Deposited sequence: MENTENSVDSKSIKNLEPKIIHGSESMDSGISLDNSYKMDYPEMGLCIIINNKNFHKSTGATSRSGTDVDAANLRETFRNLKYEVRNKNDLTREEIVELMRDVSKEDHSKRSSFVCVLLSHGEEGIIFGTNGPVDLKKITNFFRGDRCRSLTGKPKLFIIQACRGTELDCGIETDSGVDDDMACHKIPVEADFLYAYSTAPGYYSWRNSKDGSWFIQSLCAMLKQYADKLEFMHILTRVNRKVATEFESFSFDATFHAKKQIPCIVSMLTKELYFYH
């Protein structure tokens, strides 16, 4: 009982929310490259035997409604749950196309006490979004209702997250590459640790604006998991 039971009939759902175009009410730029991410993730998690559902350009209301409905599904025959959020963000916040919603409001639907068919099962939230506007200039009988969550953030608290308009975001590029290479070899925390190194070492921003040039990024693994997670 050191690792999660992953031999249920189904690996589980993978919900990908891909927000590219934002209403005028929010400002918010079109997120060029995010479709590359969404496609890469769909294929990556398809290969991991997840039931992938792609959603594009959802309002904050639609996001909350989708998460509510998904949490009310019967997950009894599923090993796990994965949600990927691709959007603008701020600390603690993801953007619907029409404005901010608290990440806490989204993840609460899957609390151990609120979604019983996922109790004791790993619930993974993968978040490509800024968590602020700092730049990294670089150098050189019961269980808790909050247990069994993993939040794989693209960036450290307080910081921007980088997205390339042609290649996709640094984090999702790296996450898919490391999953493809190591999902049949490494435990998930060790996969994510490789992702951290890849993002930290192989990417550096290029900008005509000196303020945004030569900047770096480190992702941020937040684990409330109680067991090891293997995809094989």
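Missing from the model, relative to the deposited sequence, are the ranges 1 to 33, 174 to 184, 277.
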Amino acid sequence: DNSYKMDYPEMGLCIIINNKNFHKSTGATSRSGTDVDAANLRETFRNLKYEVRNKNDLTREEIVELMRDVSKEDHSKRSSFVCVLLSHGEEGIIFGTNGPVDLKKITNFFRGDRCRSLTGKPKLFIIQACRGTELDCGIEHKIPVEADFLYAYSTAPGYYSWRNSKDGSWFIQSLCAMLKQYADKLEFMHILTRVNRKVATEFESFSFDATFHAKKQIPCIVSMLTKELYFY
From here on, numbers count along this sequence of modelled residues.
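According to the PDB record, 99 to 107 carries the higher mean C-alpha B-factor of the two stretches 99 to 107 and 84 to 92.
Of the two stretches examined, 157 to 165 and 72 to 80, the record assigns the greater average C-alpha temperature factor to 72 to 80. Going by the entry's values, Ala183 shows the largest Cα B-factor out of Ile172, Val199, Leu192, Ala183. Ranked by C-alpha B-factor against the other modelled residues of its chain, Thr34 falls in the highest third. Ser223 sits in the lowest third of its chain by CA B factor, as recorded in the PDB entry. Among all modelled residues in its chain, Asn18 ranks in the middle third by Cα B-factor.
In the PDB entry, a CA B factor belonging to the lowest third of its chain's modelled residues is recorded for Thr44. In this PDB entry, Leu118 carries a Cα temperature factor that places it within the middle third of its chain's modelled residues.
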